[PDB]
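Only one structure is covered here, and it is reproduced in the block below.
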Amino acid sequence: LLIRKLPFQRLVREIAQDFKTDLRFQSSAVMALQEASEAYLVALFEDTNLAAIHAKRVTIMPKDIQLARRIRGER
Amino acid sequence: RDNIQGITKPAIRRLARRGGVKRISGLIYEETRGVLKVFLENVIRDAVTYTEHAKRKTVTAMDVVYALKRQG
Amino acid sequence: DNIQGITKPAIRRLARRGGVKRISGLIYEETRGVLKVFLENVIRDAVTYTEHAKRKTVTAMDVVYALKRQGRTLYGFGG
Amino acid sequence: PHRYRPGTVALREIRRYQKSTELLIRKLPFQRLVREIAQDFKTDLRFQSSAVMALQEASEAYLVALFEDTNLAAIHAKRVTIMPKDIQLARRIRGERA
Amino acid sequence: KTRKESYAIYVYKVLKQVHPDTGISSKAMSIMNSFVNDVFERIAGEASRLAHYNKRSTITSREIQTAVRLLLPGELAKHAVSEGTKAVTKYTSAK
Amino acid sequence: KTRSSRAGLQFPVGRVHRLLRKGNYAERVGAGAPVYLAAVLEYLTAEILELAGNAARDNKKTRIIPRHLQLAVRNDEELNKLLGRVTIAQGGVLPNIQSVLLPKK
DNA sequence: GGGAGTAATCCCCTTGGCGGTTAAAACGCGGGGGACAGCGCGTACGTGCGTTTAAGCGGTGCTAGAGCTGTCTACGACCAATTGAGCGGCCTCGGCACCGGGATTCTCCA
DNA sequence: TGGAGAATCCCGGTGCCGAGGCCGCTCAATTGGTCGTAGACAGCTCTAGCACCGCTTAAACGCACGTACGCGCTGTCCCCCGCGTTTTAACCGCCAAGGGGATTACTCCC
């Protein structure tokens, strides 16, 4: 795994405390969340790399991020 | 509070190098933190309401895989 | 082949509806190719469902099902 | 002789076909095309008219969305014309082509 | 002629309940009918999935509430939940 | 007498209950479930017909055309989120020309 | 004495063809503005090294809450009567498409 | 720069066809009752989730520094747009053969 486990679990408890208080989690659930998030960011970075190579450049830019999300279908 | 700084710059660099990215600009990090926050908001809402249907107080892995199958 | 009936000004009108100003001369062949691929997939699904339903003529409701299976649902034809 | 600068007719045509709603591809060439494709899978199949109209509506919607994505990819590379590599990029980001 | 079931008179009644001085065409009628059928099918399928996941054999109002909260976004989901619970309370409390 | 008037709704409840039993969604079906589903369908119909009526008034017409439904769903954010993957027959597209395409003289 | 095989048909829609004709695709050519290649520069990014910090591993302690079993009671399946909402056929008149003339409003360039 | 000029909105008249009310049937929603079992609720067990502490050491932070390339400018040439003119097939309207599932009569058998 690339992202450290403990800051990721602090992040998921922080982002889930706004939806229901006094919530608990299973360890398999946060492992699945970390795996899904890493797969999502790997696929996103691959698509923004193709967007950057289309623009005759080797360094990726934030405009590549919005191009990949907009052509992908997200908002 | 402000736990989005735990997704650090070298971890983002490893995630970019896994996808084959050679060079990284300095404004990439604040955008990829935002897209990670948006994705986690969209999954954890479905996980919370799947837990709330079962009258439970623990988010199980089955709720997580159901929430991920909702998005595809 | 009847793919040449999808002519140059039709593709031009389709591009001008999308907000495209200037068009290169090699857009048209790739547009015909992707249209043929899309039509082949949809007609394959439609013929599959009208064969499993055991009639000799395919209808509009069958192709509404066909576009529904690809996540491309269409409103306004009895669906 | 009066002659417009090259681009005014383009925006006029863009506004005119963004206001309208009438179908752009003609009816009978699309009918010939759908018969020619459908005779390859199974033989002696017949068509309702509403199925042909539904196929026309689907084709119009898919090609308009594809041209919008192609236009965004063309503007991203500091260009105004659209090229086939923009189309390949647009289909590869959507995931239609492996 | 055979009998065909539609939602045409009901959406016409709702349209006159909302805007009294507006008509509607046949193509728009077909679009609204297909819209109601598709949303009904989606909510019914999601409620069936919630029924199967918790090992239950009955679809109740709680399953429809959870399917509405899953499928609808934003304030529209909250307003639809409020209208549905008001209708259920009015139906149950009636004589 | 009828259950739609008891619920105080306009959409039918018995028809929804029959469509729920016919679809084999579950072995059993509850009592307030078609009431809830009819209320939700009526409410979604209410906003889509509101926005279609406002578009039809703005276009100086007295009848709803598919173009007004297209313009109604593509300017509201939540309805465009809900109907993102759905296409409307005889609808057209929104007027949108990008900023760099304008003749900057 | 009633159920069943065979044929004509009244439609219902589909496919093929035949003539006119007319909008409309197709071909051609000037030329202008945009795609593409090359170069200069200066700043922002990768690499290296000291250094700090917090993740990870282990270990213990405690308890909320998942998970399973028992009992029963309210609630939904289901059947006969029945009757009012909801389907289909019919008729009409107003809203909207369209033609035509006119005033208004972008666009080019001297 | 303002007039020419071509496109575009606006207003009035025509007409035509489908949106929408009305009548009549009919069949599925509603009432009432019976019966079997699905899950509501309590209670018990005991797993695993959370809190806290301490040590170690790889990971990250911050800064110096070289230099690679992103971006702006300039030049070239070429290829697609605007418009005029020629050919062509979509379209409309009609006509006819015919596949096809339900609608009748005509006739036969246990």
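Ligands are numbered from 1 in the order shown, residues from 1 within each chain, and chains are lettered A, B, ... in the order they appear in the structure tokens.
Proximity to chain H at a cut-off of 9 Å picks out residues 2, 3, 4, 5, 6, 7, 9, 10, 26, 27, 28 and 29 of chain D on chain D, counting only C-alpha atoms (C1' of nucleotides).
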Restricted to C-alpha atoms, what would the selected residues look like written as a PDB file, in the first residue's frame?
ATOM      1  CA  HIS D   2     -19.638  40.839 -50.546  1.00  0.00           C
ATOM      2  CA  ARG D   3     -17.613  38.185 -48.745  1.00  0.00           C
ATOM      3  CA  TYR D   4     -17.694  37.223 -45.085  1.00  0.00           C
ATOM      4  CA  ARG D   5     -14.566  36.738 -43.011  1.00  0.00           C
ATOM      5  CA  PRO D   6     -14.021  33.022 -42.357  1.00  0.00           C
ATOM      6  CA  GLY D   7     -15.767  32.076 -39.137  1.00  0.00           C
ATOM      7  CA  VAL D   9     -20.913  31.535 -40.986  1.00  0.00           C
ATOM      8  CA  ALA D  10     -19.611  28.932 -38.512  1.00  0.00           C
ATOM      9  CA  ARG D  26     -31.851  11.870 -43.456  1.00  0.00           C
ATOM     10  CA  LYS D  27     -34.409   9.122 -42.948  1.00  0.00           C
ATOM     11  CA  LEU D  28     -33.947   6.823 -45.946  1.00  0.00           C
ATOM     12  CA  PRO D  29     -30.096   6.527 -45.912  1.00  0.00           C
TER      13      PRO D  29
END
Can you check which residues of chain A DSSP gives as alpha helix (DSSP H) on the backbone and send them as an MDAnalysis selection string?
chainID A and resid 5:16 27:54 62:72
When you look at stretch 81-94 of chain G with a cut-off of 12 Å (counting only C-alpha atoms (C1' of nucleotides)), what residues show up, excluding the ones that are within fewer than 3 positions of it in the same chain? I need them as a PDB file with N, CA, C and O atoms (P, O5', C5', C4', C3', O3' and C1' of nucleotides), in the first residue's frame.
ATOM      1  N   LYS E   1     -60.001  -2.931 -30.136  1.00  0.00           N
ATOM      2  CA  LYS E   1     -58.602  -2.654 -29.838  1.00  0.00           C
ATOM      3  C   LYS E   1     -58.241  -3.137 -28.437  1.00  0.00           C
ATOM      4  O   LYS E   1     -59.098  -3.191 -27.553  1.00  0.00           O
ATOM      5  N   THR E   2     -56.974  -3.491 -28.241  1.00  0.00           N
ATOM      6  CA  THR E   2     -56.514  -3.941 -26.939  1.00  0.00           C
ATOM      7  C   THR E   2     -56.393  -2.756 -25.981  1.00  0.00           C
ATOM      8  O   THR E   2     -56.368  -1.590 -26.384  1.00  0.00           O
ATOM      9  N   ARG E   3     -56.317  -3.069 -24.692  1.00  0.00           N
ATOM     10  CA  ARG E   3     -56.263  -2.060 -23.645  1.00  0.00           C
ATOM     11  C   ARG E   3     -54.816  -1.808 -23.247  1.00  0.00           C
ATOM     12  O   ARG E   3     -54.055  -2.755 -23.026  1.00  0.00           O
ATOM     13  N   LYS E   4     -54.444  -0.534 -23.160  1.00  0.00           N
ATOM     14  CA  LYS E   4     -53.101  -0.124 -22.775  1.00  0.00           C
ATOM     15  C   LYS E   4     -53.182   0.739 -21.526  1.00  0.00           C
ATOM     16  O   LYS E   4     -54.006   1.655 -21.453  1.00  0.00           O
ATOM     17  N   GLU E   5     -52.332   0.443 -20.549  1.00  0.00           N
ATOM     18  CA  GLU E   5     -52.337   1.146 -19.274  1.00  0.00           C
ATOM     19  C   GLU E   5     -51.281   2.242 -19.282  1.00  0.00           C
ATOM     20  O   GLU E   5     -50.126   2.000 -19.649  1.00  0.00           O
ATOM     21  N   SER E   6     -51.680   3.445 -18.879  1.00  0.00           N
ATOM     22  CA  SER E   6     -50.803   4.602 -18.875  1.00  0.00           C
ATOM     23  C   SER E   6     -51.025   5.408 -17.604  1.00  0.00           C
ATOM     24  O   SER E   6     -51.917   5.120 -16.804  1.00  0.00           O
ATOM     25  N   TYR E   7     -50.188   6.428 -17.424  1.00  0.00           N
ATOM     26  CA  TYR E   7     -50.334   7.399 -16.348  1.00  0.00           C
ATOM     27  C   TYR E   7     -50.753   8.763 -16.881  1.00  0.00           C
ATOM     28  O   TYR E   7     -50.438   9.785 -16.275  1.00  0.00           O
ATOM     29  N   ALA E   8     -51.475   8.790 -18.003  1.00  0.00           N
ATOM     30  CA  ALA E   8     -51.700  10.041 -18.724  1.00  0.00           C
ATOM     31  C   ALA E   8     -52.685  10.955 -18.006  1.00  0.00           C
ATOM     32  O   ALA E   8     -52.439  12.164 -17.882  1.00  0.00           O
ATOM     33  N   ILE E   9     -53.798  10.399 -17.523  1.00  0.00           N
ATOM     34  CA  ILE E   9     -54.813  11.221 -16.877  1.00  0.00           C
ATOM     35  C   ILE E   9     -54.313  11.754 -15.544  1.00  0.00           C
ATOM     36  O   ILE E   9     -54.644  12.880 -15.154  1.00  0.00           O
ATOM     37  N   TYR E  10     -53.457  10.999 -14.860  1.00  0.00           N
ATOM     38  CA  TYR E  10     -52.945  11.437 -13.571  1.00  0.00           C
ATOM     39  C   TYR E  10     -51.931  12.564 -13.715  1.00  0.00           C
ATOM     40  O   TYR E  10     -51.970  13.528 -12.944  1.00  0.00           O
TER      41      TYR E  10
ATOM     42  N   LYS F   1     -63.452   6.652  -0.297  1.00  0.00           N
ATOM     43  CA  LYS F   1     -63.563   5.223  -0.554  1.00  0.00           C
ATOM     44  C   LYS F   1     -62.260   4.668  -1.115  1.00  0.00           C
ATOM     45  O   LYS F   1     -61.689   3.730  -0.562  1.00  0.00           O
ATOM     46  N   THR F   2     -61.793   5.250  -2.218  1.00  0.00           N
ATOM     47  CA  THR F   2     -60.545   4.805  -2.824  1.00  0.00           C
ATOM     48  C   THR F   2     -59.355   5.223  -1.968  1.00  0.00           C
ATOM     49  O   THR F   2     -59.418   6.180  -1.193  1.00  0.00           O
ATOM     50  N   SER F   4     -56.406   6.341  -2.928  1.00  0.00           N
ATOM     51  CA  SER F   4     -55.728   7.559  -3.357  1.00  0.00           C
ATOM     52  C   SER F   4     -56.319   8.788  -2.675  1.00  0.00           C
ATOM     53  O   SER F   4     -55.585   9.709  -2.302  1.00  0.00           O
ATOM     54  N   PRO F  12     -52.413   6.917  -8.639  1.00  0.00           N
ATOM     55  CA  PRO F  12     -53.097   5.750  -8.074  1.00  0.00           C
ATOM     56  C   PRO F  12     -52.205   4.968  -7.129  1.00  0.00           C
ATOM     57  O   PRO F  12     -50.977   4.972  -7.245  1.00  0.00           O
ATOM     58  N   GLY F  14     -53.596   1.618  -5.895  1.00  0.00           N
ATOM     59  CA  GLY F  14     -53.878   0.232  -6.229  1.00  0.00           C
ATOM     60  C   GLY F  14     -53.147  -0.237  -7.470  1.00  0.00           C
ATOM     61  O   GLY F  14     -52.712  -1.389  -7.545  1.00  0.00           O
ATOM     62  N   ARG F  15     -53.002   0.649  -8.458  1.00  0.00           N
ATOM     63  CA  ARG F  15     -52.235   0.316  -9.655  1.00  0.00           C
ATOM     64  C   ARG F  15     -50.762   0.111  -9.325  1.00  0.00           C
ATOM     65  O   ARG F  15     -50.122  -0.810  -9.850  1.00  0.00           O
ATOM     66  N   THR F  62     -48.215  28.013 -25.190  1.00  0.00           N
ATOM     67  CA  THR F  62     -49.231  27.567 -24.250  1.00  0.00           C
ATOM     68  C   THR F  62     -49.230  26.064 -24.015  1.00  0.00           C
ATOM     69  O   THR F  62     -49.965  25.594 -23.141  1.00  0.00           O
TER      70      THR F  62
ATOM     71  P    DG H  15     -57.497  30.307 -46.077  1.00  0.00           P
ATOM     72  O5'  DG H  15     -57.214  28.837 -45.519  1.00  0.00           O
ATOM     73  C5'  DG H  15     -55.893  28.296 -45.572  1.00  0.00           C
ATOM     74  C4'  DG H  15     -55.683  27.203 -44.527  1.00  0.00           C
ATOM     75  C3'  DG H  15     -56.922  26.383 -44.151  1.00  0.00           C
ATOM     76  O3'  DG H  15     -56.533  25.049 -43.878  1.00  0.00           O
ATOM     77  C1'  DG H  15     -55.994  27.269 -42.234  1.00  0.00           C
ATOM     78  P    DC H  16     -56.622  23.898 -44.995  1.00  0.00           P
ATOM     79  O5'  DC H  16     -55.540  22.830 -44.496  1.00  0.00           O
ATOM     80  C5'  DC H  16     -54.509  23.242 -43.588  1.00  0.00           C
ATOM     81  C4'  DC H  16     -54.463  22.353 -42.350  1.00  0.00           C
ATOM     82  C3'  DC H  16     -55.550  21.293 -42.260  1.00  0.00           C
ATOM     83  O3'  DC H  16     -55.094  20.233 -41.441  1.00  0.00           O
ATOM     84  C1'  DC H  16     -55.793  22.730 -40.470  1.00  0.00           C
ATOM     85  P    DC H  17     -54.503  18.882 -42.078  1.00  0.00           P
ATOM     86  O5'  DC H  17     -53.947  18.089 -40.802  1.00  0.00           O
ATOM     87  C5'  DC H  17     -52.983  18.704 -39.943  1.00  0.00           C
ATOM     88  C4'  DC H  17     -53.381  18.612 -38.472  1.00  0.00           C
ATOM     89  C3'  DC H  17     -54.063  17.316 -38.034  1.00  0.00           C
ATOM     90  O3'  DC H  17     -53.635  16.988 -36.719  1.00  0.00           O
ATOM     91  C1'  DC H  17     -55.407  19.114 -37.445  1.00  0.00           C
ATOM     92  P    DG H  18     -52.437  15.949 -36.474  1.00  0.00           P
ATOM     93  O5'  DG H  18     -52.359  15.826 -34.882  1.00  0.00           O
ATOM     94  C5'  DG H  18     -51.851  16.911 -34.099  1.00  0.00           C
ATOM     95  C4'  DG H  18     -52.747  17.244 -32.901  1.00  0.00           C
ATOM     96  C3'  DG H  18     -53.170  16.078 -32.006  1.00  0.00           C
ATOM     97  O3'  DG H  18     -53.315  16.550 -30.667  1.00  0.00           O
ATOM     98  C1'  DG H  18     -55.072  17.142 -32.803  1.00  0.00           C
ATOM     99  P    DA H  19     -52.122  16.474 -29.591  1.00  0.00           P
ATOM    100  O5'  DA H  19     -52.576  17.534 -28.478  1.00  0.00           O
ATOM    101  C5'  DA H  19     -53.334  18.676 -28.878  1.00  0.00           C
ATOM    102  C4'  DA H  19     -54.056  19.357 -27.716  1.00  0.00           C
ATOM    103  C3'  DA H  19     -54.022  18.667 -26.375  1.00  0.00           C
ATOM    104  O3'  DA H  19     -54.312  19.649 -25.377  1.00  0.00           O
ATOM    105  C1'  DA H  19     -56.148  18.356 -27.432  1.00  0.00           C
ATOM    106  P    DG H  20     -54.523  19.260 -23.833  1.00  0.00           P
ATOM    107  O5'  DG H  20     -56.104  19.065 -23.706  1.00  0.00           O
ATOM    108  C5'  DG H  20     -56.980  20.094 -24.152  1.00  0.00           C
ATOM    109  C4'  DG H  20     -58.429  19.630 -24.173  1.00  0.00           C
ATOM    110  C3'  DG H  20     -58.870  18.759 -22.993  1.00  0.00           C
ATOM    111  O3'  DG H  20     -60.180  19.129 -22.611  1.00  0.00           O
ATOM    112  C1'  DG H  20     -59.421  17.706 -24.976  1.00  0.00           C
ATOM    113  P    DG H  21     -60.439  20.246 -21.486  1.00  0.00           P
ATOM    114  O5'  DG H  21     -62.029  20.317 -21.417  1.00  0.00           O
ATOM    115  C5'  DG H  21     -62.756  19.172 -21.021  1.00  0.00           C
ATOM    116  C4'  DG H  21     -63.927  18.912 -21.950  1.00  0.00           C
ATOM    117  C3'  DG H  21     -64.991  17.997 -21.355  1.00  0.00           C
ATOM    118  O3'  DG H  21     -66.286  18.490 -21.620  1.00  0.00           O
ATOM    119  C1'  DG H  21     -64.203  17.086 -23.395  1.00  0.00           C
ATOM    120  P    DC H  22     -67.512  18.021 -20.697  1.00  0.00           P
ATOM    121  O5'  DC H  22     -68.159  16.809 -21.508  1.00  0.00           O
ATOM    122  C5'  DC H  22     -68.763  17.052 -22.766  1.00  0.00           C
ATOM    123  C4'  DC H  22     -69.349  15.776 -23.341  1.00  0.00           C
ATOM    124  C3'  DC H  22     -70.040  14.864 -22.327  1.00  0.00           C
ATOM    125  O3'  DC H  22     -71.298  14.450 -22.841  1.00  0.00           O
ATOM    126  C1'  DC H  22     -68.432  13.645 -23.559  1.00  0.00           C
ATOM    127  P    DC H  23     -72.357  13.675 -21.913  1.00  0.00           P
ATOM    128  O5'  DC H  23     -72.336  12.188 -22.492  1.00  0.00           O
ATOM    129  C5'  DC H  23     -72.623  11.974 -23.869  1.00  0.00           C
ATOM    130  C4'  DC H  23     -72.457  10.512 -24.248  1.00  0.00           C
ATOM    131  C3'  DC H  23     -73.121   9.509 -23.306  1.00  0.00           C
ATOM    132  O3'  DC H  23     -73.793   8.518 -24.065  1.00  0.00           O
ATOM    133  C1'  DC H  23     -70.818   8.996 -23.542  1.00  0.00           C
ATOM    134  P    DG H  24     -74.844   7.526 -23.365  1.00  0.00           P
ATOM    135  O5'  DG H  24     -74.080   6.126 -23.361  1.00  0.00           O
ATOM    136  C5'  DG H  24     -73.610   5.585 -24.582  1.00  0.00           C
ATOM    137  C4'  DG H  24     -72.658   4.431 -24.338  1.00  0.00           C
ATOM    138  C3'  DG H  24     -73.111   3.424 -23.277  1.00  0.00           C
ATOM    139  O3'  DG H  24     -72.899   2.102 -23.757  1.00  0.00           O
ATOM    140  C1'  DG H  24     -70.933   4.160 -22.806  1.00  0.00           C
ATOM    141  P    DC H  25     -73.595   0.837 -23.048  1.00  0.00           P
ATOM    142  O5'  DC H  25     -72.355  -0.099 -22.674  1.00  0.00           O
ATOM    143  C5'  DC H  25     -71.560  -0.649 -23.712  1.00  0.00           C
ATOM    144  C4'  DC H  25     -70.160  -0.988 -23.226  1.00  0.00           C
ATOM    145  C3'  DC H  25     -70.068  -2.158 -22.249  1.00  0.00           C
ATOM    146  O3'  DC H  25     -68.918  -2.916 -22.558  1.00  0.00           O
ATOM    147  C1'  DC H  25     -69.049  -0.279 -21.304  1.00  0.00           C
ATOM    148  P    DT H  26     -68.859  -4.488 -22.248  1.00  0.00           P
ATOM    149  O5'  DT H  26     -67.302  -4.746 -21.998  1.00  0.00           O
ATOM    150  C5'  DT H  26     -66.457  -3.654 -21.634  1.00  0.00           C
ATOM    151  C4'  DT H  26     -65.648  -3.987 -20.397  1.00  0.00           C
ATOM    152  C3'  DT H  26     -66.113  -5.231 -19.651  1.00  0.00           C
ATOM    153  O3'  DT H  26     -65.024  -5.779 -18.922  1.00  0.00           O
ATOM    154  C1'  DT H  26     -66.329  -3.422 -18.247  1.00  0.00           C
ATOM    155  P    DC H  27     -64.081  -6.918 -19.553  1.00  0.00           P
ATOM    156  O5'  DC H  27     -62.625  -6.520 -19.027  1.00  0.00           O
ATOM    157  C5'  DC H  27     -62.344  -5.166 -18.676  1.00  0.00           C
ATOM    158  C4'  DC H  27     -61.881  -5.045 -17.230  1.00  0.00           C
ATOM    159  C3'  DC H  27     -61.641  -6.360 -16.503  1.00  0.00           C
ATOM    160  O3'  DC H  27     -60.598  -6.181 -15.552  1.00  0.00           O
ATOM    161  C1'  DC H  27     -63.277  -5.154 -15.356  1.00  0.00           C
ATOM    162  P    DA H  28     -59.094  -6.640 -15.877  1.00  0.00           P
ATOM    163  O5'  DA H  28     -58.242  -6.023 -14.673  1.00  0.00           O
ATOM    164  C5'  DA H  28     -57.936  -4.630 -14.652  1.00  0.00           C
ATOM    165  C4'  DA H  28     -58.419  -3.947 -13.371  1.00  0.00           C
ATOM    166  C3'  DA H  28     -57.792  -4.424 -12.064  1.00  0.00           C
ATOM    167  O3'  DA H  28     -57.717  -3.322 -11.177  1.00  0.00           O
ATOM    168  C1'  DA H  28     -60.093  -4.682 -11.919  1.00  0.00           C
ATOM    169  P    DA H  29     -56.398  -3.039 -10.308  1.00  0.00           P
ATOM    170  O5'  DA H  29     -56.951  -2.226  -9.044  1.00  0.00           O
ATOM    171  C5'  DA H  29     -57.351  -0.865  -9.191  1.00  0.00           C
ATOM    172  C4'  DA H  29     -58.453  -0.476  -8.206  1.00  0.00           C
ATOM    173  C3'  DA H  29     -58.121  -0.621  -6.727  1.00  0.00           C
ATOM    174  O3'  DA H  29     -58.727   0.440  -6.011  1.00  0.00           O
ATOM    175  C1'  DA H  29     -59.974  -1.995  -7.255  1.00  0.00           C
ATOM    176  P    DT H  30     -58.389   0.690  -4.463  1.00  0.00           P
ATOM    177  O5'  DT H  30     -59.702   0.191  -3.705  1.00  0.00           O
ATOM    178  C5'  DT H  30     -60.947   0.828  -3.962  1.00  0.00           C
ATOM    179  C4'  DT H  30     -62.101   0.113  -3.277  1.00  0.00           C
ATOM    180  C3'  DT H  30     -61.896  -0.215  -1.797  1.00  0.00           C
ATOM    181  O3'  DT H  30     -63.091   0.094  -1.087  1.00  0.00           O
ATOM    182  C1'  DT H  30     -62.548  -2.141  -2.949  1.00  0.00           C
ATOM    183  P    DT H  31     -63.071   0.369   0.496  1.00  0.00           P
ATOM    184  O5'  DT H  31     -64.280  -0.519   1.040  1.00  0.00           O
ATOM    185  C5'  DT H  31     -64.603  -1.737   0.393  1.00  0.00           C
ATOM    186  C4'  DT H  31     -65.680  -2.480   1.150  1.00  0.00           C
ATOM    187  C3'  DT H  31     -65.395  -2.675   2.620  1.00  0.00           C
ATOM    188  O3'  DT H  31     -66.608  -2.932   3.301  1.00  0.00           O
ATOM    189  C1'  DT H  31     -65.131  -4.729   1.481  1.00  0.00           C
ATOM    190  P    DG H  32     -66.632  -3.057   4.900  1.00  0.00           P
ATOM    191  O5'  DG H  32     -66.567  -4.631   5.152  1.00  0.00           O
ATOM    192  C5'  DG H  32     -67.556  -5.475   4.586  1.00  0.00           C
ATOM    193  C4'  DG H  32     -67.244  -6.934   4.856  1.00  0.00           C
ATOM    194  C3'  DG H  32     -66.590  -7.220   6.209  1.00  0.00           C
ATOM    195  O3'  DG H  32     -67.320  -8.233   6.890  1.00  0.00           O
ATOM    196  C1'  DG H  32     -65.358  -8.243   4.446  1.00  0.00           C
TER     197       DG H  32
END
Backbone DSSP call of strand (DSSP E) for chain D, listed as a VMD selection string
chain D and resid 46 to 47 81 to 82
What is the atom CA of residue C:68-atom CA of residue E:68 distance in Å, reported with one decimal?
20.8 Å
Give the residues of chain G that lie within 9 Å of chain F; count only C-alpha atoms (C1' of nucleotides), and format the answer as number ranges by chain.
G: 75-77, 95-96
Find the residues of chain A that sit at most 9 Å from chain G; for each, write down the nearest two atoms and how far apart they are in Å, to one decimal. Count only C-alpha atoms (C1' of nucleotides). Sort by chain, then by number going up, and give it as a Markdown table.
| residue | atom | partner | partner_atom | distance |
| --- | --- | --- | --- | --- |
| A:4 | CA | G:55 | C1' | 7.8 |
| A:5 | CA | G:55 | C1' | 8.6 |
| A:6 | CA | G:55 | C1' | 7.3 |
| A:7 | CA | G:55 | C1' | 9.0 |
Would you mind exporting N, CA and C atoms of the selected residues as a compact mmCIF listing (two decimals), in the first residue's frame?
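See result_1.txt below for the written result:
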# COMPACT_ATOMS: atom_id res chain seq x y z
N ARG A 4 -0.38 5.73 3.88
CA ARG A 4 -0.30 5.18 5.22
C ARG A 4 -1.69 4.95 5.80
N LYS A 5 -1.81 3.91 6.63
CA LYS A 5 -3.13 3.45 7.06
C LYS A 5 -3.76 4.39 8.08
N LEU A 6 -2.98 4.82 9.06
CA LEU A 6 -3.46 5.64 10.17
C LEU A 6 -3.96 7.03 9.76
N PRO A 7 -3.25 7.82 8.92
CA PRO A 7 -3.88 9.06 8.43
C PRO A 7 -5.11 8.84 7.57
Show me, as a JSON list (two decimals) with N, CA, C and O atoms, in the first residue's frame, every residue of chain F with an atom at most 7 Å from chain D, counting only C-alpha atoms.
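And here's iface.json as it stands now:
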[["chain", "number", "residue", "atom", "x", "y", "z"],
["F", 89, "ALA", "N", -36.17, 12.44, -26.60],
["F", 89, "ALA", "CA", -36.46, 12.54, -28.02],
["F", 89, "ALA", "C", -37.03, 13.92, -28.34],
["F", 89, "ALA", "O", -37.83, 14.47, -27.58],
["F", 90, "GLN", "N", -36.61, 14.45, -29.50],
["F", 90, "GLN", "CA", -36.97, 15.79, -29.99],
["F", 90, "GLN", "C", -36.64, 16.87, -28.97],
["F", 90, "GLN", "O", -37.42, 17.80, -28.74],
["F", 91, "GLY", "N", -35.47, 16.76, -28.35],
["F", 91, "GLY", "CA", -35.08, 17.66, -27.29],
["F", 91, "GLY", "C", -34.06, 18.71, -27.67],
["F", 91, "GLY", "O", -34.18, 19.87, -27.26],
["F", 92, "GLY", "N", -33.05, 18.34, -28.45],
["F", 92, "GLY", "CA", -31.99, 19.26, -28.77],
["F", 92, "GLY", "C", -31.00, 19.42, -27.63],
["F", 92, "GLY", "O", -30.97, 18.66, -26.66],
["F", 93, "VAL", "N", -30.17, 20.46, -27.75],
["F", 93, "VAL", "CA", -29.09, 20.73, -26.81],
["F", 93, "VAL", "C", -29.22, 22.15, -26.29],
["F", 93, "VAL", "O", -29.94, 22.97, -26.86],
["F", 94, "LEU", "N", -28.52, 22.43, -25.19],
["F", 94, "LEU", "CA", -28.49, 23.77, -24.64],
["F", 94, "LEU", "C", -27.64, 24.68, -25.53],
["F", 94, "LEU", "O", -26.71, 24.20, -26.19],
["F", 95, "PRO", "N", -27.93, 25.98, -25.58],
["F", 95, "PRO", "CA", -27.04, 26.91, -26.30],
["F", 95, "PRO", "C", -25.78, 27.18, -25.48],
["F", 95, "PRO", "O", -25.85, 27.75, -24.40]]
Quick one: which residues from chain D are at most 6 Å off chain C, using only C-alpha atoms, as a list in words?
residues 10, 14, 17, 18, 25, 29, 33, 45, 46, 47, 48, 50, 51, 64, 67, 68, 81, 82, 83 and 84 of chain D
Give me the residues near residue E:93 as a ChimeraX atom specification, where near means some atom within 12 Å (using only C-alpha atoms (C1' of nucleotides)) and where sequence neighbours in that chain fewer than 4 positions away do not count.
/E:85-89 /F:6-7,32
